[PDB]
Amino acid sequence: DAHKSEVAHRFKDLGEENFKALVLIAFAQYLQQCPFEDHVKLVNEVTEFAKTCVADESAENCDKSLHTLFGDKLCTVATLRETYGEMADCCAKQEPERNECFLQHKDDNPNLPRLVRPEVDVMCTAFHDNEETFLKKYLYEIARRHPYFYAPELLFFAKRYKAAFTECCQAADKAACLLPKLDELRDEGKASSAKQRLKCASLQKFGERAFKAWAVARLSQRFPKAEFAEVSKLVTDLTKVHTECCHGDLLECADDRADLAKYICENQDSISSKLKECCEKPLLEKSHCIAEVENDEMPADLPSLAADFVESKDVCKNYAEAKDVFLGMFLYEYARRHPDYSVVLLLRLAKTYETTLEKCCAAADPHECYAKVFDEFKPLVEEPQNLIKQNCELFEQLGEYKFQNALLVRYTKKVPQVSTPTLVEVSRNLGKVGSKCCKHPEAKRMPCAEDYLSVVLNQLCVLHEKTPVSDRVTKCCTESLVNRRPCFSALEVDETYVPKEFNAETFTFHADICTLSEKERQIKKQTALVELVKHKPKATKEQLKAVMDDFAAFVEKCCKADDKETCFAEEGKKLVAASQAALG
Ligand SMILES: CCCCCCCCCCCCCC(=O)O
Ligand SMILES: CCCCCCCCCCCCCC(=O)O
Ligand SMILES: CCCCCCCCCCCCCC(=O)O
Ligand SMILES: CCCCCCCCCCCCCC(=O)O
Ligand SMILES: CCCCCCCCCCCCCC(=O)O
Ligand SMILES: CCCCCCCCCCCCCC(=O)O
Ligand SMILES: CCCCCCCCCCCCCC(=O)O
Ligand SMILES: CCCCCCCCCCCCCC(=O)O
Ligand SMILES: CCCCCCCCCCCCCC(=O)O
Ligand SMILES: CCCCCCCCCCCCCC(=O)O
Ligand SMILES: [Co+2]
Ligand SMILES: [Co+2]
Ligand SMILES: [Co+2]
Ligand SMILES: [Co+2]
């Protein structure tokens with residue numbers, strides 16, 4: 001509907017709850033150093049003003065744009081120059097430039113102390129006694145630490161956090177219930193943040209064409225019944241939405257997503273049969289629902305790709321008159337028939353086909369030259385499939401924890417220069433990827449692995465390039481995204497590496513380990529295993545196994561011993577000397 005007041009407009013569309021939550025997020029992301037109660041006050045002022053406008057749109061300042069009003073509120077902050085320095089100078093600018101000014105002065109890494117997780121009982125009491133304040137303080141705390149995380153997506157995590165507390169605080173064992181859930185949500189939060197940045201970094205580092213190629217592949221998988229023309233229309237729209245979201249303006253990004261959501265829901269008949277329930281959903285949820293929609297089933301009578309792309313005599317002619325449209329159609333056709341492939345695999349095939357057409361269409365006899373291009377696809381398809389069966393079989397033999405340890409040893413041996421915390425975190429996450437994706441049937445394993453492997457390898461690459469230690473990791477991280485995982489898969493053992501000198505404190509343990517959680521204990525042991533491998537990198541899988549066995553016995557025994565701490569000391573020096581002798 002037409003509206004005199006934009007803020008009254010947004011308010012009625014979102015509802016009061018979502019509005020108040022998003023305003024809090026927006027303020028926390030722009031003013032990261034201001035305390036909670038000042039933010040609560042601002043939220044309440046903006047919210048009370050919104051409701052003035054809902055009641056009377058002819059009221060003072062209700063006609064103003066939400067950008068103008070938002071900037072106006074920031075500029076009423078007293079300590080703005082004293083706290084944010086030159087951000088105060090934004091206030092001397094007219095509104096087109098002012099929001100741009102403010103947006104540039106967001107601090108990606110604010111110097112804020114790590115957010116500590118309270119005990120389960122204190123959280124549950126806080127949740128019980130003061131639900132609104134509990135949940136909003138933390139929304140504030142997370143938003144100010146993540147100024148670029150898309151606010152509506154953060155709102156969606158907050159609701160799952162709320163759900164976890166509702167269930168687990170009434171449980172018999174609260175901590176056994178709650179802490180796994182909070183660990184999952186944190187992982188998904190770190191993953192969502194990873195993807196968002198990775199989209200923008202891909203788009204800038206590699207450009208639209210490659211971005212669109214990725215999108216063609218994925219949308220053809222999701223929507224195999226759609227005609228190429230429609231897919232291409234969605235890709236073009238999807239590419240522009242990303243472009244404007246990567247600039248970081250919330251309203252712009254939200255409006256764009258909701259336009260694309262609106263388009264897709266009006267054209268369900270031309271896109272997918274799986275959009276129905278998504279398209280009934282309210283504003284913020286609809287775009288989010290559509291992003292996570294499941295693959296539609298493929299049409300029945302699908303011709304072979306050979307006809308248009310190998311056997312036609314007009315392959316070169318059709319290619320030459322529009323190369324990207326032709327390659328787009330190739331990718332569209334291949335992808336829609338193969339939801340079981342990774343997008344990157346599909347892009348490798350499309351790039352192979354491109355390379356082949358480029359040379360073969362310049363040969364005296366093209367039709368001959370390019371007649372067996374589909375043979376080049378066999379190894380490309382094989383390579384990821386092999387690793388899947390190979391890792392998921394090993395996962396089934398060992399279980400998550402020991403699978404993780406198998407990885408620790410493998411990757412420490414390959415890149416021993418990486419810091420111990422990084423190797424532990426990456427190997428654990430890689431372990432979970434196996435734990436999650438290996439449970440799927442074959443058809444679903446490769447897309448699963450690609451998605452989760454993408455965020456884990458992003459997190460590694462992000463960590464690494466802030467503190468570089470290995471050129472080989474650098475090369476894998478700075479390569480094309482299509483080649484990133486194969487580059488990492490190709491890393492060999494570093495036979496050059498000179499062992500880390502012995503540090504007795506690293507391999508001394510204490511009685512505290514017995515009472516720690518399964519998670520925390522595993523981490524202390526995994527830390528030690530990395531260091532063991534770094535100190536003895538020529539140790540055989542079987543030699544380490546013997547040390548790992550003796551260590552298990554050491555823990556088990558000293559955790560039943562009366563005097564725990566002298567056990568750990570006395571037996572500990574024994575295990576260490578024996579191990580040193582063993583691994584010589
Ligand atoms: C989107 C966030 C909304 C509210 C979140 C409430 C959760 C608070 C408990 C976790 C605090 C420490 C962070 C963590 O390790 O999980
Ligand atoms: C520890 C806070 C977890 C909150 C999860 C919601 C999404 C926020 C983005 C990523 C949060 C954790 C990032 C970090 O470890 O610094
Ligand atoms: C290039 C600066 C504007 C950033 C645009 C925001 C959208 C991307 C969200 C990424 C959040 C993670 C933070 C980071 O990795 O820098
Ligand atoms: C709604 C987003 C779908 C279209 C994605 C655009 C192409 C960018 C691909 C590069 C980033 C990969 C991250 C991921 O696996 O999600
Ligand atoms: C950086 C490599 C990205 C993948 C390259 C695949 C090449 C074949 C696809 C050509 C681009 C199609 C773009 C489109 O029409 O949407
Ligand atoms: C884009 C810069 C200013 C953003 C903050 C404006 C103040 C209201 C925020 C909440 C309402 C809009 C949220 C949305 O539609 O996604
Ligand atoms: C696979 C179907 C595509 C439809 C998704 C529409 C939403 C556009 C994505 C824009 C990304 C903004 C950042 C984010 O929400 O993570
Ligand atoms: C580290 C164990 C993860 C569990 C699954 C193994 C993944 C191996 C295949 C990787 C495929 C990703 C997509 C691709 O590069 O084509
Ligand atoms: C510091 C750790 C770097 C090494 C870990 C990255 C490698 C994981 C990607 C591939 C995992 C499944 C297939 C494979 O292991 O080749
Ligand atoms: C050569 C230096 C002395 C080594 C002392 C033993 C430390 C290695 C134990 C860590 C691995 C145990 C993990 C497990 O399988 O539970
Ligand atoms: Co309207
Ligand atoms: Co009660
Ligand atoms: Co625009
Ligand atoms: Co080198």
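We number each residue from 1, following the sequence as shown.
For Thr412 (side chain) and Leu408 (main-chain N/O), a donor-acceptor pair under 3.5 Å exists by modelled atom type. Between the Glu531 side chain and the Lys500 main chain, no donor and acceptor come within less than 3.5 Å of each other. Looking at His464, its side chain does come within 3.5 Å of a backbone N or O of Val469 through a donor-acceptor pair. Side-chain atoms of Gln221 come within 3.5 Å of backbone N or O of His338 as a donor-acceptor pair. The main-chain N or O of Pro499 is never found under 3.5 Å from a side-chain atom of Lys536 such that the two would form a donor-acceptor pair. Here the side chain of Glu333 pairs no donor or acceptor atom with the backbone of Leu305 at under 3.5 angstrom. Formation of a donor-acceptor pair under 3.5 Å by the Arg472 side chain with backbone atoms of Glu492 is found in this model. Under a 3.5 Å cut-off, the side chain of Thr540 and the backbone N or O of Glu542 do not form any donor-acceptor pair. Remark: side-chain polar atoms of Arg445 are paired, donor with acceptor, to backbone N or O of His440 under 3.5 angstrom. The backbone N or O of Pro180 lies less than 3.5 Å from no partner atom in the side chain of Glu184, so there is not a single donor-acceptor pair.
In this structure the side chain of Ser193 never reaches within 4.5 angstrom of the side chain of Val455, judged on heavy atoms. Contact of the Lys240 side chain with the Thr236 side chain is not registered, since no non-hydrogen atoms from C-beta on lie closer than 4.5 Å. The closest side-chain heavy-atom distance from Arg257 to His288 is below 4.5 Å. In this structure the side chain of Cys437 never reaches within 4.5 angstrom of the side chain of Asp451, judged on heavy atoms. Using a 4.5 Å heavy-atom threshold, the side chains of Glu450 and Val344 count as touching. Put simply, the side chain of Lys159 does not reach to within 4.5 Å of the side chain of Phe156, judged on heavy atoms. Residues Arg484 and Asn458 have side chains in contact (heavy-atom distance under 4.5 Å, counting atoms from C-beta outward). Taking 4.5 Å as the limit, some side-chain heavy atom of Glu167 sits within range of a side-chain heavy atom of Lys181.
Nearest heavy-atom pair across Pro339 and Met298 is CD-CE, 3.9 Å. Shown here for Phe374 and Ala306, the closest heavy-atom pair between the two residues is CE2-N, 4.0 Å. Across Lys525 and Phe551, no two heavy atoms sit closer than the pair CG-CE2, 3.7 Å. Here the closest non-hydrogen pair linking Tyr332 and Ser220 is CD1-OG, 3.3 Å.
In summary, the aromatic rings of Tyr334 and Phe377 are positioned with their centroids under 6.0 Å apart.
Crowding of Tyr452 atom OH: a count of heavy atoms from other residues, nucleotides or ligands under 6.0 Å not exceeding 12. Within 6.0 Å of atom CD in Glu321, more than 12 heavy atoms from other residues, nucleotides or ligands are found, so the atom counts as buried in its surroundings. Atom CD of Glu376 has more than 12 heavy atoms from other residues, nucleotides or ligands within 6.0 Å. Other residues, nucleotides and ligands place more than 12 heavy atoms under 6.0 Å from the CD atom of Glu479. Applying the 6.0 Å contact sphere to CD of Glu442 captures no more than 12 heavy atoms from other residues, nucleotides or ligands.
Remark: the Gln522 side chain and the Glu518 side chain contain an N/O donor-acceptor pair separated by less than 3.5 Å. In this structure, a donor-acceptor pair under 3.5 Å is absent between the side chains of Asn295 and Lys444. Judged by distance alone, the side chains of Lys534 and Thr420 do bring a donor and an acceptor atom under 3.5 Å apart. In summary, the side chains of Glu400 and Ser435 do present a donor paired with an acceptor at a separation below 3.5 Å, with no hydrogens or angles considered. When only modelled atom types and interatomic distance are considered, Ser192 and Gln196 share a side-chain donor-acceptor pair under 3.5 Å.
Classification of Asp187 and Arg428 as a salt-bridged pair fails, no side-chain N sitting under 4.0 Å from a carboxylate O. No salt bridge links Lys475 with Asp471; every basic N to acidic carboxylate O contact stays at or beyond 4.0 Å. Salt-bridge formation is not detected for the pair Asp324/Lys212: no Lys NZ or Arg NE/NH1/NH2 atom is positioned less than 4.0 Å from an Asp or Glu carboxylate oxygen. In this structure, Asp259 does not pair ionically with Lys262, as no charged nitrogen and carboxylate oxygen lie closer than 4.0 Å.
Sorted by first and then second residue, the pairs that involve residues 351-371 and meet salt bridge (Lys or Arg N to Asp or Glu O under 4.0 Å), not counting sequence neighbours, are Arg209-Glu354, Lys323-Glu358. Evaluation of the ring-ring contact (aromatic ring centres under 6.0 Å, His included) test over residues 237-277, restricted to residues two or more places apart or in two chains, returns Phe211-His242.
The line from CD1 of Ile264 to CG of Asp237 is 8.0 Å long, rounded to the nearest 0.5 Å.
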Which atom pairs, one a donor and one an acceptor, fall under 3.5 Å between side chains of residues 379-391 and the rest of the protein, sequence neighbours left out?
residue: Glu382; atom: OE1; partner: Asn386; partner atom: ND2; Å: 2.9
residue: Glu383; atom: OE1; partner: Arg485; partner atom: NH2; Å: 2.7
residue: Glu383; atom: OE2; partner: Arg485; partner atom: NH1; Å: 2.8
residue: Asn391; atom: OD1; partner: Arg410; partner atom: NH2; Å: 3.2
residue: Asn391; atom: ND2; partner: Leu387; partner atom: O; Å: 2.8

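Between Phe330 and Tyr353, the ring planes lie parallel to each other; the angle is under 30°, not in the 30° to 60° tilted range. Using a 30° and 60° split on the angle between ring planes, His146 and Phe149 fall in the perpendicular class, above 60°.
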Query - side-chain hydrogen bond (donor to acceptor under 3.5 Å, both in side chains) between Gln526 and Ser427, intermediate numbers included - result: CA-CA 9 Å; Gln526 285 170 324; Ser427 299; over 6 Å; no

Query raised in the report: Would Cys369 and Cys360 count as a disulfide bond (SG atoms under 2.5 Å apart) if you check the C-alpha gap in whole Å, the side-chain angles of each, and the deciding distance to 0.1 Å?
Result: CA-CA 5 Å; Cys369 180; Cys360 284; 2.0 Å; yes

Requested in this report: Start with the C-alpha gap between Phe309 and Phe326, add the side-chain angles, then the distance that decides, and say whether ring-ring contact (aromatic ring centres under 6.0 Å, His included) holds.
Outcome: CA-CA 9 Å; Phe309 294 112; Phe326 191 71; 5.3 Å; yes

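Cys168 pairs with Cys177 as a disulfide, the SG atoms being under 2.5 Å apart. The SG atoms of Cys392 and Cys438 are placed within less than 2.5 angstrom of each other. The sulfur atoms (SG) of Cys245 and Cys200 lie 2.5 Å or more from each other. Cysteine sulfur proximity is satisfied for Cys278 and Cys289, their SG distance being under 2.5 angstrom.
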